[PDB]
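A.B. asks:
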Amino acid sequence: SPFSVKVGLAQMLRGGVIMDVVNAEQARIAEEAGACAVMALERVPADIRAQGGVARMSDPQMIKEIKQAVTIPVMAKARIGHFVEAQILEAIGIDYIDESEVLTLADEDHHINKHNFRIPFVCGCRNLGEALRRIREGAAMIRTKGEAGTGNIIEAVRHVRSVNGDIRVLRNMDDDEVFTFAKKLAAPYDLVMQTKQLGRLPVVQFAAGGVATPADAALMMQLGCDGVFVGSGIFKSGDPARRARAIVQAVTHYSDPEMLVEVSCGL
Amino acid sequence: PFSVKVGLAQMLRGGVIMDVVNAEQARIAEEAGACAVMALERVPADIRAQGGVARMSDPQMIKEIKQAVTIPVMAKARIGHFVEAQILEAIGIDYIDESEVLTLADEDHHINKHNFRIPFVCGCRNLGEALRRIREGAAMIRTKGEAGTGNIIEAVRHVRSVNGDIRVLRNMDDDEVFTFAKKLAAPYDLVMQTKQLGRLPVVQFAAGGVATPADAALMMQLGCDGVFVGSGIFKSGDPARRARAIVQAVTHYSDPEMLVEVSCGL
Amino acid sequence: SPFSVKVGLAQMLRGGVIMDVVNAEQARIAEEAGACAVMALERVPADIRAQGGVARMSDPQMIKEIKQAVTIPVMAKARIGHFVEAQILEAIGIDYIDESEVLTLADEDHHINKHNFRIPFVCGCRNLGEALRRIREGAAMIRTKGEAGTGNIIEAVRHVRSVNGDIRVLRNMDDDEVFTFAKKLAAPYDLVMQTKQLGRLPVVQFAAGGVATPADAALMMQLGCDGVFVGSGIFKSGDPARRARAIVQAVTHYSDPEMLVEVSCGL
Amino acid sequence: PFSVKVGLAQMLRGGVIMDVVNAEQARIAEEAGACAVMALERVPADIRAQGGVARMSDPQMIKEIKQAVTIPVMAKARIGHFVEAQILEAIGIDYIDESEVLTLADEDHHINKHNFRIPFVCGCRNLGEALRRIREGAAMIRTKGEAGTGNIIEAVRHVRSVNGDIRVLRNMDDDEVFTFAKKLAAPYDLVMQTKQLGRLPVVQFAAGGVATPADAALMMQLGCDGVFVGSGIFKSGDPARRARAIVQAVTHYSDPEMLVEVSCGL
Amino acid sequence: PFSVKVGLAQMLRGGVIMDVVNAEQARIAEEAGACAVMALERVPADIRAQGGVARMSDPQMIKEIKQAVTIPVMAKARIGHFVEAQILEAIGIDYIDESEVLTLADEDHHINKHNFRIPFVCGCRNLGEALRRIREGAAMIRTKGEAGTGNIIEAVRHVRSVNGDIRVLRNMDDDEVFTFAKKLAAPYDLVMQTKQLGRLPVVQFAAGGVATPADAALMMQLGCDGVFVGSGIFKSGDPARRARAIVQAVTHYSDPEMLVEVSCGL
Ligand SMILES: *Cc1c(COP(=O)(O)O)cnc(C)c1O
Ligand SMILES: *Cc1c(COP(=O)(O)O)cnc(C)c1O
Ligand SMILES: *Cc1c(COP(=O)(O)O)cnc(C)c1O
Ligand SMILES: *Cc1c(COP(=O)(O)O)cnc(C)c1O
Ligand SMILES: *Cc1c(COP(=O)(O)O)cnc(C)c1O
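Residue numbers (the entry's author numbering), protein chains in the order written: chain C, 22 to 288; chain B, 23 to 288; chain A, 22 to 288; chain B', 23 to 288; chain D, 23 to 288. A prime marks a further copy of an entry chain.
#1: Mind listing, in chain order, the continuous beta strand (DSSP E) runs of no fewer than 3 residues lying wholly within the stretch 178 to 238 of chain D?
#2: Check whether the Cβ of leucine 126/C sits closer than 8 Å to any heavy atom of ligand 5, and report yes or no.
#3: May I ask you to list the residues that DSSP assigns as paired with residue 11/D?
#4: Can you check which of these residues, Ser285/B, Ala152/B, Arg182/B, is closest to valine 269/B by C-alpha distance?
#5: Measuring from the CB of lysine 135/B, is there a heavy atom of ligand 5 at a distance below 8 Å?
#6: Chain C beta carbons: is any one of them nearer than 9 Å to that of residue 323/A?
#7: The stretch 68 to 100 of chain D: which residues have C-beta closer than 7 Å to a C-beta of chain C, in chain order?
#8: Can you find a C-beta in chain B that's less than 9 Å from the C-beta of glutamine 243/A?
#9: In the DSSP assignment, find the alpha helix (DSSP H) that holds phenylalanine 24/C and state where it starts and stops.
#10: I want to verify the contact list: residues of chain A whose CB lies under 9 Å from the CB of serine 285/B', in sequence order.
#11: Which same chain residues end up closer than 8 Å to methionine 280/D when comparing Cβ atoms and leaving out the 5 residues on each side of it in sequence?
#12: When the distance is taken between beta carbons, is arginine 147/B' closer than 9 Å to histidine 180/B'?
#13: Sorted by chain position, which residues of the same chain lie with C-beta nearer than 7 Å to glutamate 122/A's C-beta, five sequence neighbours on each side aside?
#14: With distances taken Cα to Cα, identify the nearest neighbour of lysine 204/D among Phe138/A, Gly259/A, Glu158/A.
#15: Name, please, each residue of chain B whose Cβ falls closer than 7 Å to the Cβ of residue 18/A.
#16: Please report the straight-line C-alpha distance between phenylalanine 138/B' and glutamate 63/B', rounded to a whole angstrom.
#17: Where does the unbroken alpha helix (DSSP H) through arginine 70/D begin, and where does it stop?
#18: For chain B, check one thing: does any of its Cβ atoms lie closer than 9 Å to the Cβ of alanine 152/C?
#19: Grouping DSSP H, G and I as helix and E and B as strand, with all else coil, what is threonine 171/B'?
#20: Based on Cα-Cα distance, which residue from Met162/B, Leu222/B, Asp260/B, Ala207/B lies nearest to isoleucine 118/B?
#21: Give the secondary structure of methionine 162/C by DSSP, where H, G and I count as helix, E and B as strand, and everything else as coil.
#22: May I ask you to report which of helix, strand or coil DSSP gives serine 121/C?
#23: Between which two residues does the alpha helix (DSSP H) carrying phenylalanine 256/A extend?
#24: Would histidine 103/B count as contacting chain A if we go by Cβ distances under 9 Å?
#25: Look up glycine 37/C in the DSSP assignment and say whether it is helix, strand or coil.
#26: If you pair each beta-carbon of the stretch 225 to 232 of chain C with each one of the stretch 248 to 268 of chain C, do three or more pairs fall below 8 Å?
#27: If we ignore side chains and look at the alpha-carbon of each, how far apart do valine 75/B' and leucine 124/B' end up?
#28: Strictly below 7 Å CB to CB, what residues from chain A border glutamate 279/B'?
#29: Take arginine 164/D as the anchor and find which of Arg77/D, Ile113/D, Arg35/D, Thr216/D has the nearest alpha-carbon.
#30: Let me check one thing: in DSSP terms, what residues is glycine 287/B bridge-paired to?
#31: Shorter than 8 Å, the distance from the beta carbon of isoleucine 101/B to the closest heavy atom of ligand 2, or not?
#32: Please confirm whether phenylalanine 200/B has its beta-carbon closer than 9 Å to some beta-carbon of chain C.
#33: Nearer than 8 Å: is that true of the beta carbon of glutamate 151/B relative to any heavy atom of ligand 2?
#34: Indicate whether at least one CB of chain B' lies closer than 9 Å to the CB of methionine 194/D.
#35: I'd like to know whether the C-beta of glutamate 120/A is nearer than 9 Å to at least one C-beta of chain D.
#36: Using only alpha-carbon positions, find the residue among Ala97/A, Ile93/A, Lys88/A, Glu106/A that is nearest to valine 65/A.
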């Protein structure tokens, strides 16, 4: 199925770090550090909201410049529900669309019908019900929402533990009780049952929102994530290439405390 | 298969199902043209009014009714009481009604009806309940209406609710259906199937408070496929005549002359 | 340990029906029908309460008469917290004490310290926290509370699904989350972990409270119980031996719908 | 002196006090081994149930009981009714029970019991009440329990409350006792005396709902010095046997064989 | 085993643990007689004041402190951040403080401390928290007190709460301990271990607001085994003198003449 092909594309990112980049120079630093993909975005959405503004899809010109600078896949954000922003992003030829709550909400009641696109989408979630609803709408990849613009990992931990905890509950659950469970989740029963059969989400599951240090990134992986997204904090540093490499190594070697010390020491 | 069970219930379209407490009433119902009978040993309202729990009827009385008629026989199981349903299926009857008229046995879960060979009917008050019962395996849906009153107002409410939300689906933007399924707390695939069909994926009967021929024809004109009627038929001085009147009202629901004739002197 | 010996003794009751009996004649009927034990009690505690009374331990004389009439084990009830009633019952020489909410509560804040006794106890529960607290106090066997004096199975179903559901959740839970789980249950962590490793309660678990028909008894067995308690409704009917045998056969043959029809037909 | 009154009540340790309504019941109580009798003319619950005020009993009936027995005689005065207490003392009885079982006479103040030669017993539900009654001059304390029900649950609550707070005092930092006395609204000197003694400075009996031998032995095992029992003893077919059973249960409270014997066939 | 970690922490009894931000402060602390140092790179209050998340310190600065002293070195991990703890253990330090002074990383769960070789300190405000941290594997307990203020009032509250409940538990009726463990939401087996031991089964230090020699001696007289002190030692004129004063106040906590001498002119 077309959906299964999109799911398979996102599976290539397992074990990877996705980095926010604002120009071609940062994109090249991300790729050279070992990032599995880059997220093109023209201004920090928190800065846009600070001075009274609406955070939208970035200019296609800046996205093209990033796409031309790297070989790894390029993602870009569309406002929730803004299906025309997504049509434009797909027409630019990028690899993934992130339907993102970090941009300004465009439709309070509905997300994009992601099955209408060839390009895979990533969507956020805070619990299993949100994850399965985004998947039913066509998301091929899921991330936590975490907490944007703070560097605080606490919300991403909450979201990971919520999704993983309900998946674990679904494993031993009496089949007869799953109907009421799907009702309470407000999630499609068939996807609930698929998750029960697999013992995990039917798409890759990344951590995002507040992943600041190598320790944070390895924590997410030890909790069971398939990878992590990191924001612009990498490039606010004095040595962005070193900071980016440290996150990549933390995700690749998340169960090696000696490696985590090495990449954290003097950072 | 589920489609086989759905096809069995479709044979009842245009029909009246009658509650019967013994073989004599079952024969009267069949002779009047009922499409099926509902075997039940005592009125659950009298059981509760005397401080009691209304359960599955004795298999012996159910078998006596089944032996007395050729038309299908239904019997009730308490909501969630999957062992009562196993017993009813092993009797050899034709349908199980997982019924809120009996005393609730499981406050949080209904029977997993896909585990059975026999088709089930379940009640509903809105489209969300209808689709959840179908996903659990119900092959036939009825309104809950209002039990033990003869007041049609709740059945009208339930029919208008289910039918109204089905009509809302016809022209709904496909992109909005995901949120609609969330708000209904119903499975998206069944919501989309209902949208494609323009009706419920199973037969839809009125039940609960259907008292007169006018009530029965009202339910048919609102779009139901048939009606259930209770023991009030056998409380009158001429049960055969009253049972026939309901049957004729459902068969001829758009014929006011027939409705006058069967109502006159009833 | 002395506790493990009591817990092991109760295993003999698995697959059995325990019947309330008010005299020696009813006790003989219960044994002849195949009951695994009888529960001696002098009057129905609901009718005592309906008479504006206090329901207590039964007269030792009537309990002894039942014990002398049968070979199967005999249980009798003590009020919750009434450790002296339990001392008297133990001195009678019966086999189990049921510390029972069906009698009038004697201590609002504390149950009997059951480890102080040689005789095993059965206690009720409505959820896993109550079950594990009763076990830690020394209960060697657990039953649901269900709903007394009504014949309505709905509360017993609720209690069975609550206990079994939380055990299933616990079985697959992240070990690191079990500490908080024990806190929220207000149950002893060591017993929570023992239950996690076993995948079931550490003691025999019966259904009780509202089990009225063969269908009810087989429902409890199919939900996972080890046996059932039944009340005096057996002896209110016109053929007590037949109704008692029907429940016993329903528990023995709980997965055989043809047998359940046979014993229910004409009952 | 107060210590003399306290010593009088200590003579009752290990004993059962029985409510009696006439001289015959008083003789039965004494022959059964009661340590004292409580003279009272009518059940205050029946007085209140018939819309009435329960007061001090007629001195004439109290004198008849006192003349019939050698063991001490107690009688009740309404809370705050210091003149009822003056009358009872002038009769020549042995103890006054300032009793919430009778109708409250003063909502805000109890009797100043230090003004009397005769010892008083007062009820309590917690350590604060116990120490306040002692400071007013009570030489003996009982739980209030629950009157007229035969339900032991409130007496258990009161015993566990008083005993639990006494146990809290044993290891309490001396510096925290000032605030503890404030929170109890009890006199600090009596709180400190209770801490030094490890128990109440006066004898402590169970009362209110003690119905069976098992109840009486339960109260003794919880640490009480004795029990009061009501008229239920004389409502049975064999009052002498039931009165003896309670006496034996208190004397032999740690002997389950004795408790079985006196309970069997009771 | 856990008992090895518990026994190791007993070596700190009678000691002062000092926050240090560099190797020079660590050497001053050791020379003044500290029993251990707490390495931390910046004040977590200033990090939160400028709108920031306070995390594990850079391993480089922790290593420099560990290489500067012979006494044990502790460092902080965020609550629930088990990977920060894995890194700290791999550095080779002596204790991890799972610390609410850093930004909470997991709102619902603490670190499973039994998974580590290195001992952990955890904070508490009452006996329930202390016993839950111990069951998770804490080998040492401190009060939370109040961070960044120098106000001892919360540490007094926490010490009095823990010690007060242990004193109550010591004398409690065994039959009541089951309900007590339920109300504490603490493991019954650990509650009983604490009852039999008569104190917390691990070392118990005061922390949070210990500002003066008088404060430090107050905590010791209240029953603590030692104290933690913050960077206020090094924010003054003579750090070596201020560090020595706290050490001497803890060693000589019952000597008012010594407390005067170390406080005079401080
Ligand atoms: C995550 C999120 C949602 C999720 O939508 P549901 O239909 O409730 O699953 C909606 N709105 C906002 C603003 C969000 O951030
Ligand atoms: C109709 C009905 C239900 C329906 O169950 P849902 O899971 O909410 O769809 C539940 N309980 C009772 C008593 C009913 O009558
Ligand atoms: C079941 C029950 C309890 C249970 O006691 P916990 O200490 O809360 O576990 C208490 N009281 C009554 C009346 C009960 O029926
Ligand atoms: C027990 C009781 C009291 C106790 O009086 P305090 O001054 O509060 O100790 C008061 N009033 C009534 C009615 C009582 O039963
Ligand atoms: C001390 C503290 C806790 C303690 O956790 P419990 O599981 O309740 O014992 C939790 N959260 C925070 C933020 C704390 O400071």
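Idealized CB from N, CA, C, for every residue including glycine.
C.D. replies: Inspection of the coordinates gives the following:
#1: 225 to 227
#2: no
#3: Only positions 23 to 288 of chain D appear in this structure, which leaves residue 11/D out of reach.
#4: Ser285/B
#5: no
#6: Residue 323/A cannot be examined here, being either before or after the span of chain A that is shown, 22 to 288.
#7: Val75, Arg77, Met78, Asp80, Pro81, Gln82
#8: yes
#9: 23 to 32
#10: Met78, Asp80, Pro81, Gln82, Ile109
#11: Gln270, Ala271, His274
#12: yes
#13: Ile101, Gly145, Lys166
#14: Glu158/A
#15: No answer is possible for residue 18/A: it lies beyond the span of chain A, which begins at 22 and ends at 288.
#16: 24 Å
#17: 66 to 71
#18: no
#19: coil
#20: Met162/B
#21: strand
#22: strand
#23: 254 to 257
#24: yes
#25: strand
#26: yes
#27: 8 Å
#28: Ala112
#29: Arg35/D
#30: The partner list for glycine 287/B (beta bridge, DSSP) is empty, contrary to what the question assumes.
#31: yes
#32: yes
#33: yes
#34: yes
#35: no
#36: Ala97/A
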